[PDB]
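*Asks:* Those protein sequence lines, which keep their order, are chains H and A. First residue of the first sequence: 1, per the numbering used here; consecutive thereafter. First residue of the second sequence: 1, per the numbering used here; consecutive thereafter. Dropping a structure here in structure tokens format, bear with me for questions.
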Amino acid sequence: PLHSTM
Amino acid sequence: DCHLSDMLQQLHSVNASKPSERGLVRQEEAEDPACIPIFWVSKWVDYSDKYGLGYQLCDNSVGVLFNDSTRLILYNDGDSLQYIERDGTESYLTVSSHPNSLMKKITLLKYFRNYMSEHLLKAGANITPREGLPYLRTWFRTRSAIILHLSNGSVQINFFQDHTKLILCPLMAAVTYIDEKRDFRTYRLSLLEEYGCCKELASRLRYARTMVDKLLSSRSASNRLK
């Protein structure tokens with residue numbers, strides 16, 4: 001659900 | 001750990017001198033490209049709600065800090081693995097070899113690996129790491145950033161709003177700053193105390209000091225359980 005920059 | 005205290009001391013010296021409150025800031029004089037880190041987190045995915053936090057280091061190695069506080073690392077050779085228990089006890093093995101008790105976690109790591117590889121940008125892609133594997137000791141998020149603490153003493157802080165990032169390396173008493181344009185610069189903290197820095201870097205270094213204390217507090221709490 002939460003992640004670093006795509 | 002000991003590195004956290006060393007880093008706190010390094011940050012204190014700089015912050016106490018109020019580097020952005022100088023007659024003429026000369027930030028560029030504190031630069032030292034030779035202090036660029038060997039390792040930093042290029043990407044991460046937070047699925048701590050069910051399995052843990054996966055991440056990739058700049059050398060293409062992958063890792064996962066599971067919710068049970070254990071870590072599994074897959075080297076860039078795609079086979080060598082390193083497992084770290086809650087204590088910190090490490091064990092070396094490979095995927096080829098089938099350590100049955102680790103097959104679930106190995107499988108989970110691979111899904112994390114594929115996701116990061118396909119959907120996320122590699123931070124510091126334009127940076128050539130320094131010549132030489134650490135694991136993610138701990139991490140946490142605030143309303144404005146994610147804090148990552150590597151087992152080699154390094155502390156990385158990624159800011160959500162502007163995508164700027166700080167990589168603090170205690171051994172070389174240095175800090176690498178990546179701005180929103182993805183430009184990067186490495187500084188010796190002792191030279192920043194001497195020559196100063198812009199208000200933005202100054203603000204981030206003050207916040208970093210606060211984040212390092214939070215890491216120490218979390219460690220003191222986690223110690224009470226072990």
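Idealized CB from N, CA, C, for every residue including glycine.
1) According to DSSP, simplified to helix, strand and coil, what is A/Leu65?
2) Have a look at the DSSP bridge pairing and note the partners of A/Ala125.
3) From the DSSP output, which residues share a beta bridge with A/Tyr75?
4) Could you give the DSSP three-state label for A/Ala173: helix, strand or coil?
5) Apart from the five residues on each side of it in sequence, which residues of its chain come closer than 7 Å, Cβ to Cβ, to A/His3?
6) Rounded to a whole number of angstroms, what is the C-alpha to C-alpha distance between A/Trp44 and A/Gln56?
7) On the criterion of 16 or more Cβ atoms from any shown chain inside 10 Å, does A/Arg143 qualify as buried, or is it exposed?
8) Quick check: is the beta carbon of A/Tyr47 nearer than 8 Å to any beta carbon in chain H?
9) Determine the DSSP secondary structure at A/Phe159, reduced to helix, strand or coil.
10) Given that A/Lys43 touches chain H, what residues does it touch there, using C-beta distances under 9 Å?
11) Please list the partners that A/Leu191 has in chain H, where partner means a Cβ-to-Cβ separation under 9 Å.
12) Using 8 Å as the threshold, is the C-beta distance between A/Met211 and A/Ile146 below it?
13) Mind listing which residues of the stretch 130-152 of chain A have their C-beta closer than 7 Å to chain H's C-betas, in chain order?
14) Could you check whether the Cβ of A/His12 sits closer than 8 Å to any Cβ belonging to chain H?
15) Cβ closer than 8 Å: which chain H residues qualify as neighbours of A/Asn158?
16) Return the first residue and the last residue of the alpha helix (DSSP H) that A/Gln10 is part of.
17) So, does the CB of A/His119 fall closer than 8 Å to a CB anywhere in chain H?
18) If I follow the unbroken beta strand (DSSP E) through A/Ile84, where does it start and stop?
19) Flag residue 254 of chain A as yes if its beta-carbon sits less than 8 Å from any beta-carbon of chain H, otherwise no.
20) Quick one: what does DSSP say A/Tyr47 is sitting in, helix, strand or coil?
21) Mind pulling the chain H residues with CB within less than 9 Å of A/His163?
*Replies:* Reading it off the structure:
1) strand
2) Partner(s): none; A/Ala125 has no beta bridge.
3) According to DSSP, which records beta bridges pairwise, A/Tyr75 is partnered with nothing at all.
4) coil
5) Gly153, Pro170
6) 6 Å
7) exposed
8) yes
9) strand
10) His3, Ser4, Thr5
11) Within chain H, no residue comes near A/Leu191; the closest Cβ sits about 30 Å away, beyond 9 Å.
12) no
13) none
14) no
15) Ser4
16) 2-16
17) yes
18) 80-84
19) Residue 254 of chain A is absent from the model: chain A starts at 1 and stops at 226.
20) strand
21) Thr5
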